[PDB]
Structures are given as structure tokens and as C-alpha cells.
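Visitor:
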Amino acid sequence: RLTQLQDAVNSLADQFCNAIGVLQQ
Amino acid sequence: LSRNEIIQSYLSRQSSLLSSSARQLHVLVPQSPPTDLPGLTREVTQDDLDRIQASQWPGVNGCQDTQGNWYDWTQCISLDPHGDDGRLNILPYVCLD
Amino acid sequence: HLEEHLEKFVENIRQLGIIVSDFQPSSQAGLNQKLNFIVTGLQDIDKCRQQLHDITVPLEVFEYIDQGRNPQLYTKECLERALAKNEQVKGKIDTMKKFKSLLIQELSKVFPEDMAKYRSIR
Amino acid sequence: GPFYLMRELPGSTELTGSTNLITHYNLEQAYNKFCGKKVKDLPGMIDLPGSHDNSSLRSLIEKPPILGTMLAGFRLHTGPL
Amino acid sequence: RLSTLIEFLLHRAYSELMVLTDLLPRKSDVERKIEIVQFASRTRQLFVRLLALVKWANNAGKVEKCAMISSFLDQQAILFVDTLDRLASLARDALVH
């Protein structure tokens, strides 16, 4: 459960990253 | 780092969605003003020890959920927070083999 | 103004010298001699007049001029490239703003508290 | 809550991409003249004022740009043939 | 300024061409000194045309550097966005760590 929560937080933060990357591209 | 291929981008959506995932959402739990040791200074109260062992305590022994189904820490809760077919899956908190 | 006229006179003197060399012995060699002397004197004048001014053009402008093209060519291509670049970054920013507005609508649909706090931000 | 939120608010700025890409430096007239010239060169003007141009000569001119009058008059006699 | 130095270099080249024409007419043949003088005159005319083109480039439209600076600013903004993305990448590296 807690590992899933950490992975979900990391994926949420990555979400920001991939979105912005796509935009600049 | 260019990426951005329709295929490369499409893989990203599936991988990210899999890790993450009518309300069927857990019952809201409010303020906890009396904590068992510091907040209420009720350390070793026998009722509390009896309640944790057999009674349903909303946050000490389990998660209430909506629809009334009660999920204990060992059990895995399947719930559907978004209004979509895909359902979030809280694996067991304790996972004692 | 005067420097351009001096350059045009030098070009005309060069054309006249070329025509005299290409033509016949009858053409007065003393005439071409006086023409070359006057051209040298005018160049010394072109210099003295243009010895303390401007100081700029540190660009491949010379390469474009020597690249069989005028500013009416290489400079136009450079300006078009700059315009394409500036139009593209504006499209970038506009698409970013659109995606931000979409996610703002979605997060407003998600939490009313977030709606209130972003209304306070706006 | 308001505390530990919105670390700072940016304010209003001018240097931004705008629909008037041409007026970033107010050259909306230079771009118009460029489009008009494209819809219509230096080598052409040189060939009209004189005759034509060349290649080795242009390279020599670029390299140069990067870098007894009575006796001269008399020295004319080369028997020019 | 720079145009003055270019004109001085052109005058020096013209003097060198005059000396070469002298040498050719002296040691050159009658049908050779004339050809050498014609070639030197063509070179001088090309240099004068190059000087006229340099004047036209120093004149005409004086915004080339402005457009170059605008393009450089746009490229700097794009590089700043890329640096922000790479900062997010190193931040998530620290996170997974």
C-alpha cells in the first residue's frame, strides 16, 4: 500500500514533467 | 530525449495509469481530538483495548468505505473513485503473507 | 552621399580603364594615366572623408554580400527564420495556456476547495 | 490552507510572445517591404549598371575586405597590342 | 570605421595591382601587359562593386541585429524551458532515490 502510494506520488510528479516536455517539443 | 512519437507517448499513458489504477469512496473521517495516549491521556483504558481487538473502530482497526462493506487492514479494498470502468485498488496495508 | 558618389566615380573610372586597355593603341595612354592618378587622389579623398565615423556591421553580412545575394536575399531569409521562431514560441505558449485551462477546469470539477483557491488566485 | 501555499505571485510582464510578432521591435514596415520585394537583387542591379559579375573575383574581394605619379604615367608604353 | 579600413585595403590592393601591371608591361609582352592591366582593372572594378555592396549593407534596413537579438531571446526561453524539464528529471531521480 505505502509503496503504491510512493509510486503514485512519483508518477504524479512525473505527469508534470512529461506534460511540459510534450508542450516544449 | 526528443521522444514525442505517437507510439512512444502512448506507452507512457498505459504505464502511468496501471501503477495508479456513484462514488464507492471511503467514508470521510473527521478530526481526531482525543488521541489514545497524548490527546485524551486515557493510556491503558481497558475499553480501548477491547474495542481494537473485536469492535469495528473506523480508523484504528479498518477502513469503513461507502455501501457499508467493512475492509480490515489485512484485506485489499477495491474502489472506483472516478466515474469510469477502471477501479482503484488499495492493496493490503499489513500484507502478513 | 558623397562617398557613394566617389565609389560610383571609381567604378566608372575602372570601366573606362578596362575599355581603354581592351580597345586600341590610339586611345591616349596619357588619358588613362591621368584617370588613374585622379582615381588615386579621389580614393585618398574617399578615405579622409570616411576616416572617423560609424563602427558596426560585425556580422556575416559580408559573407551574404559575397554569397551571391543582397540583404534583399540572405537578410530576408534570416528575418523569415526569426519570424518563424517567434511565431512558434507563441504557439508553444498558447498551447501551454490551453492545457493549463483544461487542467484547471478538471481540477475544479475535482475539488470545490481548489475552485475557491484558484478563484482567489485569479 | 493559505499558509505554505502560492509561494509567490508573479505580477504583470511585457516581454511575451504576441500576435503582432512584427511589432516586437516596431519593424512591421520592414517585413512588409520584404514581402513586397519577395513578391517582385544586388547582382541584378550590378549587371544592369555595368555588365555582369564572377566567382574568383568575389572571393578575392572578400579576402581583401577581411585584410612617382609621372613615372607611373610614362610607364604607360608597354606597346599595348 | 570598418568601411574606411576596407577602402584603405582596396586602395592598397589597387597599388599592388598597379605595381604588378608595371612589372608585366616591363618584363611582359605588348599583348601581355595590356591583358594584365585589363585583369587588374577588372579586379579593381570588382573591389569597387564590393565596396558599394558593403555600403548598401551598412544602409538599407538597420534591424537585422534587432531580429537576431529577438531570435536569441526566444532560443534562450526555449533553453530555459528545457532546463526546467531537466531539473524536474533530476528532482525525480532524487525522489526515486
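Residue numbers (our numbering), protein chains in the order written: chain W, 1277 to 1301; chain D, 138 to 234; chain G, 94 to 215; chain L, 136 to 216; chain S, 110 to 206.
Yeah, the Cβ is synthetic: ideal placement off N, Cα and C, and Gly gets one too.
With a cut-off of 8 Å on the beta carbons, I'd call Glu125 of chain S and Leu216 of chain L a contact; round off their distance for me.
Guide: Position 16 of the fifth sequence, counting from 1, holds the residue named residue 125 of chain S. Position 81 of the fourth sequence, counting from 1, holds the residue named residue 216 of chain L. That belief does not hold up - the Cβ atoms of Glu125 of chain S and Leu216 of chain L are roughly 25 Å apart, past 8 Å.
Visitor: Whole-angstrom Cβ separation of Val166 of chain D and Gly196 of chain D, contact assumed at under 8 Å?
Guide: Looking up residue 166 of chain D in the second sequence gives position 29. Looking up residue 196 of chain D in the second sequence gives position 59. Right, the Cβ-Cβ distance comes to about 5 Å (below 8 Å), so this counts as a contact.
Visitor: List, in chain order, every chain S residue whose beta-carbon is nearer than 8 Å to that of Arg142 of chain L.
Guide: Taking the fourth sequence and counting its residues from 1, one reaches residue 142 of chain L at position 7. Within chain S, no residue comes near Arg142 of chain L; the closest Cβ sits about 16 Å away, beyond 8 Å.
Visitor: Does the beta carbon of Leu233 of chain D come closer than 7 Å to any beta carbon on chain W?
Guide: One-based indexing of the second sequence puts residue 233 of chain D at position 96. For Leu233 of chain D, the answer is no, since every Cβ of chain W falls outside 7 Å of its Cβ.
Visitor: Starting from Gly199 of chain D, follow its DSSP beta bridges and name the residues at the other end.
Guide: Looking up residue 199 of chain D in the second sequence gives position 62. According to DSSP, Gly199 of chain D bridges with D:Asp209.
Visitor: Please decide whether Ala149 of chain S counts as near chain W, where near means a Cβ-Cβ distance under 7 Å.
Guide: Stepping through the fifth sequence from its first residue, residue 149 of chain S is reached at position 40. Cβ-Cβ to chain W under 7 Å: no for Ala149 of chain S.
Visitor: Would you call the CB atoms of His163 of chain D and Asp202 of chain D closer than 7 Å?
Guide: What you label residue 163 of chain D is simply residue 26 of the second sequence in a count that begins at 1. What you label residue 202 of chain D is simply residue 65 of the second sequence in a count that begins at 1. Contact flag set, yes.
Visitor: Measure the Cβ-Cβ separation of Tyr160 of chain L and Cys175 of chain S and say whether it is below 7 Å.
Guide: Locating residue 160 of chain L in the fourth sequence gives position 25, where the first residue counts as 1. Locating residue 175 of chain S in the fifth sequence gives position 66, where the first residue counts as 1. In this structure, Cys175 of chain S lies closer than 7 Å to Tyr160 of chain L by Cβ.
Visitor: If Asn1294 of chain W and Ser149 of chain D are in contact, beta carbons under 8 Å, what's the gap, nearest whole angstrom?
Guide: Counting from 1 along the first sequence, the entry for residue 1294 of chain W is found at position 18. Counting from 1 along the second sequence, the entry for residue 149 of chain D is found at position 12. Correct: roughly 6 Å between the Cβ atoms.
Visitor: What is the DSSP secondary structure of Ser157 of chain D, counted as helix, strand or coil?
Guide: Position 20 of the second sequence holds residue 157 of chain D. Of the three classes helix, strand and coil, the one that applies to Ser157 of chain D here is helix, per DSSP.
Visitor: In chain W, which residues lie with their C-beta within 8 Å of the C-beta of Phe192 of chain G?
Guide: Working through the third sequence from its first residue, we reach residue 192 of chain G at position 99. Correct list: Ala1295 and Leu1299.
Visitor: Where does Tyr123 of chain S land, buried or exposed, given buried means 16+ other C-beta within 10 angstroms?
Guide: Here residue 123 of chain S is taken as the residue at index 14 of the fifth sequence, counted from 1. Buried, by the Cβ-count rule.
Visitor: Give me the subset of the region 154 to 185 of chain L whose CB atoms are less than 7 Å from a CB atom of chain S, sorted by chain position.
Guide: Hits within the stretch, in order: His159, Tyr160, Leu162, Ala165, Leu177 and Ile181.
Visitor: Would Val157 of chain S and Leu162 of chain L be called neighbours here (beta carbons separated by less than 7 Å)?
Guide: Working through the fifth sequence from its first residue, we reach residue 157 of chain S at position 48. Working through the fourth sequence from its first residue, we reach residue 162 of chain L at position 27. Going by C-beta atoms, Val157 of chain S is not nearer than 7 Å to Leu162 of chain L.
Visitor: Which parts of the region 147 to 183 of chain D are runs of the alpha helix (DSSP H), unbroken and 4 residues or longer, counting only runs that do not cross its ends?
Guide: With a minimum length of 4 residues, no continuous alpha helix (DSSP H) run stays inside the region 147 to 183 of chain D.
Visitor: Using the Cα positions of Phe1292 of chain W and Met180 of chain L, report the straight-line distance between them to the nearest angstrom.
Guide: For this step, residue 1292 of chain W is matched to residue 16 along the first sequence. For this step, residue 180 of chain L is matched to residue 45 along the fourth sequence. For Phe1292 of chain W and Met180 of chain L, the distance between alpha carbons rounds to 56 Å.
Visitor: Can you check which of these residues, G:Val132, G:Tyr157 and G:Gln144, is closest to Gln108 of chain G by C-alpha distance?
Guide: To locate residue 108 of chain G, count along the third sequence from 1; it is residue 15. The shortest Cα separation from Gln108 of chain G among G:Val132, G:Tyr157 and G:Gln144 belongs to G:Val132.
Visitor: Based on the DSSP output, what are the partners of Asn226 of chain D in its beta bridges?
Guide: As a first step, residue 226 of chain D is located in the second sequence; it is residue number 89 there, counting from the start. BP columns for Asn226 of chain D point to D:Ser215.
Visitor: Quick check on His159 of chain L: does DSSP put it in helix, strand or coil?
Guide: As a working note, residue 159 of chain L is residue 24 in the fourth sequence. Helix at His159 of chain L.
Visitor: Short of 9 Å Cβ to Cβ, which residues in the region 154 to 185 of chain S face chain W?
Guide: The region 154 to 185 of chain S vs chain W, Cβ under 9 Å: nothing.
Visitor: Is the CB-CB distance between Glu180 of chain D and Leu186 of chain D below 7 Å?
Guide: As a first step, residue 180 of chain D must be located in the second sequence, where it is residue number 43. As a first step, residue 186 of chain D must be located in the second sequence, where it is residue number 49. The answer is no: Cβ separation not under 7 Å.
Visitor: Measure the CB-CB distance between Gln165 of chain G and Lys172 of chain L and report whether it falls below 7 Å.
Guide: Counting from 1 along the third sequence, the entry for residue 165 of chain G is found at position 72. Counting from 1 along the fourth sequence, the entry for residue 172 of chain L is found at position 37. Cβ atoms of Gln165 of chain G and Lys172 of chain L: closer than 7 Å.
Visitor: What is the DSSP secondary structure of residue 240 of chain D, reduced to helix, strand or coil?
Guide: Coverage of chain D is limited to positions 138 through 234, which leaves residue 240 of chain D absent and any answer about it impossible.
Visitor: Please list, in chain order, the chain W residues whose beta carbon lies closer than 9 Å to that of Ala197 of chain S.
Guide: The residue labelled residue 197 of chain S in the question sits at position 88 within the fifth sequence. Chain W residues near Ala197 of chain S: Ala1289, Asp1290, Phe1292, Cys1293, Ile1296 and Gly1297.
Visitor: For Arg224 of chain D, which option in D:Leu138, D:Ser152, D:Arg140 and D:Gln161 has the closest C-alpha, if you only look at C-alpha atoms?
Guide: The residue given as residue 224 of chain D occupies position 87 in the second sequence. Here the closest residue by C-alpha is D:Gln161.
Visitor: Could you tell me if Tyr167 of chain G is buried or exposed, where buried requires 16 or more neighbouring beta carbons within 10 angstroms of its beta carbon?
Guide: As a first step, residue 167 of chain G must be located in the third sequence, where it is residue number 74. Result: buried.
Visitor: Could you check whether the region 106 to 124 of chain G touches the region 138 to 152 of chain D, counting it as contact only if at least three pairs of C-beta atoms, one from each stretch, sit closer than 8 Å?
Guide: The region 106 to 124 of chain G, when compared against the region 138 to 152 of chain D, does not touch it at the 8 Å Cβ threshold.
Visitor: Would you mind telling me which residues of chain L sit closer than 9 Å to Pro118 of chain G, beta carbon to beta carbon, in chain order?
Guide: Here the question's residue 118 of chain G lines up with position 25 in the third sequence. In chain order: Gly214, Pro215 and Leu216.
Visitor: Taking 7 Å as the CB-CB limit, is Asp194 of chain S close to chain W?
Guide: Your numbering for residue 194 of chain S matches position 85 in the fifth sequence. Chain W contact via Cβ: present.
Visitor: Just reading off the alpha helix (DSSP H) that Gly179 of chain L is part of, what are its end residues?
Guide: Position 44 of the fourth sequence, counted from the start, is the residue given in the question as residue 179 of chain L. From DSSP, the alpha helix (DSSP H) with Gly179 of chain L extends over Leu177 to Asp182.
Visitor: Could you name the residues of chain W that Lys185 of chain G contacts, counting a contact when the two beta carbons are closer than 9 Å?
Guide: In the third sequence, the residue the question calls residue 185 of chain G occupies position 92. The contacting residues are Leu1299 and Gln1300.
Visitor: CA-CA distance, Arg110 of chain S and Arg212 of chain G?
Guide: Within the fifth sequence, numbered from 1, the residue matching residue 110 of chain S stands at position 1. Within the third sequence, numbered from 1, the residue matching residue 212 of chain G stands at position 119. Going from the Cα of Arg110 of chain S to the Cα of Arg212 of chain G covers about 60 Å.
Visitor: Closer than 7 Å, CB to CB, is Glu140 of chain S near chain L or not?
Guide: Here residue 140 of chain S refers to the residue found at position 31 of the fifth sequence. Output row for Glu140 of chain S: interface = yes.
Visitor: Buried or exposed for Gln151 of chain D, please, with buried defined as at least 16 other CB atoms from any protein chain shown within 10 angstroms of its CB.
Guide: Within the second sequence, residue 151 of chain D is the residue found at index 14, counting from 1. When all chains shown are included, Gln151 of chain D counts as exposed.
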